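>>> Have a look at this fold, sequence not included:
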Ligand SMILES: *[C@@H]1O[C@H](CO)[C@@H](O[C@@H]2O[C@H](CO)[C@@H](O)[C@H](O)[C@H]2NC(C)=O)[C@H](O)[C@H]1NC(C)=O
Ligand SMILES: *[C@@H]1O[C@H](CO)[C@@H](O)[C@H](O)[C@H]1NC(C)=O
Ligand SMILES: *[C@@H]1O[C@H](CO)[C@@H](O)[C@H](O)[C@H]1NC(C)=O
Ligand SMILES: *[C@@H]1O[C@H](CO)[C@@H](O)[C@H](O)[C@H]1NC(C)=O
Ligand SMILES: *[C@@H]1O[C@H](CO)[C@@H](O)[C@H](O)[C@H]1NC(C)=O
Ligand SMILES: *[C@@H]1O[C@H](CO)[C@@H](O)[C@H](O)[C@H]1NC(C)=O
Ligand SMILES: *[C@@H]1O[C@H](CO)[C@@H](O)[C@H](O)[C@H]1NC(C)=O
Ligand SMILES: *[C@@H]1O[C@H](CO)[C@@H](O)[C@H](O)[C@H]1NC(C)=O
Ligand SMILES: *[C@@H]1O[C@H](CO)[C@@H](O)[C@H](O)[C@H]1NC(C)=O
Ligand SMILES: *[C@@H]1O[C@H](CO)[C@@H](O)[C@H](O)[C@H]1NC(C)=O
């Protein structure tokens, strides 16, 4: 069994910031890439960010590239996302997911293997 | 006398694929860069693609960059262009020409000196 | 006291060219980066070009990348700007300024330390 | 950036095809299209990866394919528990990592 | 391409603030924001550099700060010699070296 | 991206000119402008290359020049058979290799 | 942190992170025996560095190339090669093909340098 | 221009422009003494070139790295170091931290090289 | 393909495809004579590699610089140098000018390194 549980916050006013934190268990955290994917309440899924297994490399969608920071702590087995300058268009459920990248010596993925419960982030 | 003969296809349906060949004689084939230039029935000349003398480097116009492949086989003196996903905007006479680049140790060209007769490619 | 004196001309016809130059004293010329900044008669300041202290590296605002050349003579103390294909939109006072860049082994600047009084360039 | 129909339906026990149409820079060039099943109120589950390969834990009723720039998922043997929103995830290179455009509501009659 | 208000004013001895707002790629990225004072008919003079620093040769009245994407210049008590057009200049990376705002006509009542 | 006159004309024995205008990134910066003569119903052949040079096999009636961003082909001693659509080909750089203009119809009176 | 050859019994993946640990240990009448041993150490080092130069891998420890794996040299997947095998076992497994691989690497660089030269010849 | 060590007494910002002058002079029974002297010169040269390779600085005389400068190693400002100090004084001042710096440089390249591999492994 | 010096009589263009063939054969009292032969071969190799490094050409067999060709060194066009001519004839012609070219290559790389350092120092 693999679990990903988001412990992030809720409502923040426009222009503020919110940090999300995903607790991962049931697998070796340092062996997988991690990402954040969001779904607006009435829309489909949207990929937001991707971080490598070691944490050295991060990738973002252009719409958040200068606003969101993705980081990992492989000693605590946690994934964090710090979202700055939140906009009304960022209201969505944010899902923590395992997969999306392989560190060169692993077989290819380019898909997401595990999804978390999902935190609901809203902007006034 | 240098001759280029575009022994390629003709009519294709929208969304289909068509390959063009160009046979050449009268000069050392593996010594000139080659390119394809197209002319819509009522328009002027448009450059489509360029390949080096050795065939390792290819260049395309953005409008065909993800659809056309230019290749050479220097043992048969044959140039070819494989066109995928042809659209109505691609209807044109396609001319084979012996130039547009030189491999650093040769004098500069950028001439398109010898031209063939041209294959007529149409899209229904 | 640092003195920067522009000796460039002030009237050119559209499509022509005009060379401006700036003489400087009071500081070691070869120790500072220099730039040209322009101000339209009714507008604020606009950065036009930047040259490092050695003279090998030049940077331009996108609107002039294909038209202006910035160079400097570190034997004698002269900063020159050769402007080709001037347009009516380029009418402005062009100020000679010292600063804007430090050569890796110097403290950071990214600001302008000294200003000349500026040459007024009218197109048409 | 992918085009996917908003909904499909079919008779229970029969096969339904859900498809996504992309471009040469995403579905065409890369064979990394995956399909997800998202039940309302739940996080998406991975159903198909690498276009045709299903993960362990998913039954043999879900199988995909691709041709040209169009990818599809065929769901045979439709069950009452298969009502979910289905999505594609295409890999579009290092500049545009994933495209999740879509969302097909599958109704089992 | 920075936005700052026009016509900031106040009486002699009163404090005023002149500020400019940029974006996340310039003022909010690099802490290299300078301010210039341009009297009509004169070339701009440097007043503030590196957001909070000032060159030797000017008074302690002129100072500044940065928060978020907004830079702010404070002049302390106004004097008649402060009636000039003030401009922001922010570093904006390697592709766009400097971005300037419009001028603020400071009126001393 | 080059502009050419739709047509030019002149009587036999007269000189005519055809001009092409580009931008600083193509005709201006690169001295690689070539001219082609396309008879109706025939493939074009090279007439002028490297702005001023001509290939072996053609007469010296055809010559070229460049000034600023304008390229020009002069045809002196116009013959009855010099009726053709003329084109420029400019080298634009590494991102864009060649730019052709519209054809100029040369009619001999 | 395991020292020179400390990763020899570890998997290929884990061992790939200790290349610098041992790379530093390749350089550092009775006078002739010691002097010849020092010269041989230099000759072996330089032959390996020259070979990396020929392949376009000069100055790097993990050098990626343009030569595809043909699945006949070894048909093991990456999971088995990197997580369930040591470098000694791998070296034995493909010993008979190393001269083939090296030859292809040389040819690949020869084509790449010409391509770079041709790209650099465009204005 | 100034000579083999002509810039030795000049400030760091001046002596840094003569790096090729010093670099070109590092390579060039009694036979045993002469051979030991030549082999030792070669060994020292190779130790320095290998060390530069480990840091990702092979083939460069001025190599910029991603290791931040620690204010505990030297608290002088950049202008004071490059305009008012020679390389001999700096070498003495930073001697006790040289091996620390070297270790960090190695670690930096090890992370960077793996990161480059992962960037290259994206399709 | 043609052997160690098989291209020696071929034209300069044709011989440019065999650079690895010659490059890979440069490294490979009786003891003193053998050691002097090995040390001398090593020193020649290292001096040439150092010189390439100074020019910014480390790790390459074909390297393009920013030094323009001066017609006073040779005014022959490309069709007279890369064809209809061998490398031996070229070396005979480019003899009196070799040190001038090497000096220019060193100065050009020094400027290239300073310019790269300044560009990389921009935030
Ligand atoms: C050795 O020191 C002397 C000064 O004692 C240097 O000569 C001049 O020093 C002044 C100091 O303000 C500089 O402004 C001059 O430019 C220096 N002269 C020259 C010709 O550069 C001298 O250069 C120093 N020597 C070396 C080798 O650096
Ligand atoms: C030796 O094998 C054991 C198996 O559990 C492993 O944990 C250990 O790390 C291995 N040793 C090395 C040096 O890799
Ligand atoms: C690798 O191959 C072995 C059989 O040789 C197989 O058991 C294993 O599951 C394969 N692993 C992957 C990731 O394909
Ligand atoms: C600098 O060295 C000190 C030594 O105590 C260490 O604590 C600190 O983290 C180091 N800082 C950096 C930036 O390396
Ligand atoms: C560097 O430090 C010295 C210490 O005396 C000081 O005088 C000098 O002004 C400082 N320079 C800078 C640029 O901070
Ligand atoms: C290096 O350490 C020794 C320990 O005795 C000390 O005396 C010396 O001053 C230190 N050097 C520097 C440059 O800090
Ligand atoms: C020697 O010259 C002949 C032409 O006379 C040519 O065909 C042959 O390839 C040349 N040999 C070499 C080794 O280049
Ligand atoms: C070429 O060499 C001659 C040698 O006398 C010299 O005078 C000339 O200036 C050099 N030209 C260039 C462009 O370096
Ligand atoms: C090169 O120079 C020779 C000198 O005889 C001449 O014959 C030849 O045509 C020239 N080649 C080119 C391409 O200009
Ligand atoms: C080099 O100089 C000598 C001086 O005697 C002269 O004879 C020789 O021809 C020169 N070489 C070249 C290639 O010009």
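That came through fine. Numbering: from 1, shown residues only, chains lettered A, B, ... in the order given. Ligands and ions are numbered 1, 2, ... in the order given.

>>> ok, residue A:53 - contacts?
A:30, A:31, A:32, A:33, A:101, A:103 (CB atoms under 8 Å, 6 or more residues apart in numbering or on different chains). Yep, even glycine has a C-beta here, placed from its N, CA and C like the rest.

>>> I'd assumed residue A:98 was in contact with the third one.
Yes - between residue A:32 and residue A:98 there is a contact under CB atoms under 8 Å: 4.8 Å.

>>> which residues do those two both contact?
Residues within reach of residue A:32 and of residue A:98 at once, by CB under 8 Å, 6+ apart, are residue A:113.

>>> Could you tell me which residues of chain D lie near chain A?
Counting by CB under 8 Å from any CB of the partner chain, the positions of chain D adjacent to chain A are D:30, D:32, D:34, D:36, D:38, D:43-46, D:49-50, D:55, D:85, D:87, D:89, D:91, D:94, D:97-103.

>>> Swap in 10 Å and give it another go.
Contact residues, chain D versus chain A (CB under 10 Å from any CB of the partner chain): D:2, D:4, D:6, D:30-36, D:38, D:42-46, D:48-51, D:53, D:55, D:85-91, D:94-104.

>>> Please apply the same query to chain G.
Taking CB under 10 Å from any CB, the part of chain G that reaches chain A is made up of G:11, G:12, G:13, G:16, G:62, G:64, G:77, G:78, G:79, G:81, G:82, G:83.

>>> Centre-most residue in chain A?
In chain A, the centroid-proximal residue (CA atoms, centre = their mean) is residue A:36; its distance is 2.3 Å.

>>> and the helix or strand containing that residue, which strands flank it?
Using DSSP states H and E, residue A:36 falls within strand A:34-39. Applying DSSP bridges, strand A:34-39 is found paired with strand A:45-51 (antiparallel), strand A:92-99 (antiparallel).

>>> helix/strand/coil for residue A:24?
Local secondary structure at residue A:24 is given as strand here, using DSSP: H, G, I helix; E, B strand; the rest coil.

>>> Revised request: answer the last question for residue G:102.
Taking three-state DSSP as the rule, one finds residue G:102 in the helix state.

>>> Which residue, other than its chain neighbours, is closest to it?
residue G:51 (7.2 Å; CB to CB, 6 or more residues apart in numbering or on different chains).

>>> One more: residue A:108?
Using CB to CB, 6+ apart, the closest residue to residue A:108 is residue A:102 (5.6 Å).

>>> Between helix H:30-54 and the helix or strand harbouring the residue nearest to residue G:102, find me the angle.
Using DSSP H and E, residue G:51 maps to helix G:30-54. Put simply, helix G:30-54 runs at 30 degrees to helix H:30-54, going by axes from the mean of the first three to the mean of the last three CA atoms, to 10 degrees.

>>> immediately after helix G:30-54, which helix or strand?
Taking DSSP H and E, what comes next after helix G:30-54 is helix G:78-83.

>>> Can you mark which positions in stretch G:61-71 are buried?
Residues G:61, G:67 are the ones in stretch G:61-71 that count as buried (16 or more other CB atoms under 10 Å in any protein chain shown).

>>> distance between the ends of it?
24 Å (CA to CA, to the nearest Å).

>>> For residue G:102, list the residues it contacts.
Residues counted as contacts of residue G:102 (CB atoms under 10 Å, 6 or more residues apart in numbering or on different chains) are G:51, G:54, G:55, G:67.

>>> residue in chain A nearest to ligand 3?
residue A:107 (4.9 Å; CB to the nearest ligand atom).

>>> hey, where'd the strands end up in the chain?
Defaulting to chain A. Per DSSP state E, chain A carries strands over the ranges A:3-6, A:11-12, A:18-25, A:34-39, A:45-51, A:58-60, A:68-73, A:78-83, A:92-99, A:112-115, A:119-123.

>>> nope, chain D
Counting by DSSP E, the strands of chain D are D:7-10, D:16-21, D:34-38, D:45-48, D:62-67, D:70-75, D:85-92, D:96-99, D:104-108.

>>> Would you format these as TSV with mean neighbour count and distance to ligand 6 included?
Shown next, in TSV, are the strands of chain D (neighbours: other CB atoms under 10 Å in any protein chain shown; distance: least, CB to the nearest ligand atom, whole Å):
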stretch	mean neighbour count	distance to ligand 6
strand D:7-10	14	74
strand D:16-21	19	65
strand D:34-38	25	58
strand D:45-48	21	58
strand D:62-67	17	65
strand D:70-75	21	65
strand D:85-92	26	53
strand D:96-99	21	48
strand D:104-108	17	69
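
>>> Can you add distance to residue F:69 and give the ones you listed back as CSV?
Below are the strands of chain D laid out as CSV (distance: least, CB to CB, whole Å):
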stretch, distance to residue F:69
strand D:7-10, 57
strand D:16-21, 44
strand D:34-38, 51
strand D:45-48, 56
strand D:62-67, 48
strand D:70-75, 46
strand D:85-92, 38
strand D:96-99, 37
strand D:104-108, 54
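
>>> Quick one: closest of those strands to ligand 7.
strand D:85-92 (48.9 Å).

>>> so how far is the closest one from its chain's centroid?
Centre-to-centre, strand D:85-92 and its host chain are 6 Å apart (CA atoms, centre = their mean, to the nearest Å).

>>> Stretch A:65-75 too?
Centroid displacement of stretch A:65-75 relative to its chain, using CA atoms, centre = their mean, is 8 Å.

>>> Might one say that residue D:1 is in contact with residue D:69?
No - here residue D:1 does not reach residue D:69: they are 11.8 Å apart, not a contact under CB atoms under 10 Å.

>>> list residues touching both of those two?
D:22, D:23, D:25, D:26, D:90.

>>> Name all residues that make contact with the most centrally placed residue in chain D.
Residue closest to the average C-alpha location in chain D (CA atoms, centre = their mean): residue D:35, at 3.5 Å. Shown in contact with residue D:35 (CB under 10 Å, 6+ apart): A:111, D:18, D:20, D:44-49, D:51, D:54, D:58, D:62-64, D:71-73, D:75, D:86-89, D:102, D:104.

>>> can you do 6 Å?
Each residue near residue D:35 by CB atoms under 6 Å, 6 or more residues apart in numbering or on different chains is listed here: D:47, D:48, D:73.

>>> Relative to residue D:36, how far out is the closest residue to it other than its chain neighbours?
Computed as CB to CB, 6+ apart, the closest residue to residue D:35 that is not its neighbour in sequence is residue D:48, at 4.1 Å. Going from residue D:48 to residue D:36 by CB to CB, to the nearest Å gives 8 Å.

>>> closest point of chain D to ligand 10, which residue?
For chain D, CB to the nearest ligand atom, closest residue to ligand 10: residue D:94, 51.8 Å.

>>> can you check chain A too?
Nearest residue of chain A to ligand 10, counting by CB to the nearest ligand atom: residue A:104, 52.3 Å away.

>>> Run the angle between the strand holding residue A:36 and strand D:85-92 for me.
Going by the same axes, to 10 degrees, strand A:34-39 makes 130 degrees with strand D:85-92.

>>> Just the closest residue of chain G to chain H, please.
residue G:59 (2.9 Å; CB to the nearest CB).

>>> quick one: furthest residue from the center of chain D?
residue D:95 (22.7 Å).

>>> now it: how far from residue C:41?
According to CB to CB, residue D:95 and residue C:41 sit 43 Å apart.

>>> And residue G:94, by the same measure?
74 Å.

>>> Also residue A:119?
Distance from residue A:119 to residue C:41, by CB to CB: 55 Å.

>>> before we move on, what about residue D:106?
As judged by CB to CB, residue D:106 and residue C:41 stand 66 Å apart.

>>> So the residue farthest from the centre of chain D versus chain B, what's the distance?
Applying CB to the nearest CB, to the nearest Å, the value for residue D:95 to chain B is 14 Å.

>>> OK, contacts around that residue?
Counting by CB under 6 Å, 6+ apart, residue D:95 has no contacts.

>>> what about residue 100, how many neighbours?
You didn't pick a chain, so chain A it is. With neighbours defined by other CB atoms under 10 Å in any protein chain shown, the count for residue A:100 comes to 26.

>>> oops, I was thinking of chain G
Neighbour number of residue G:100 under other CB under 10 Å is 13.
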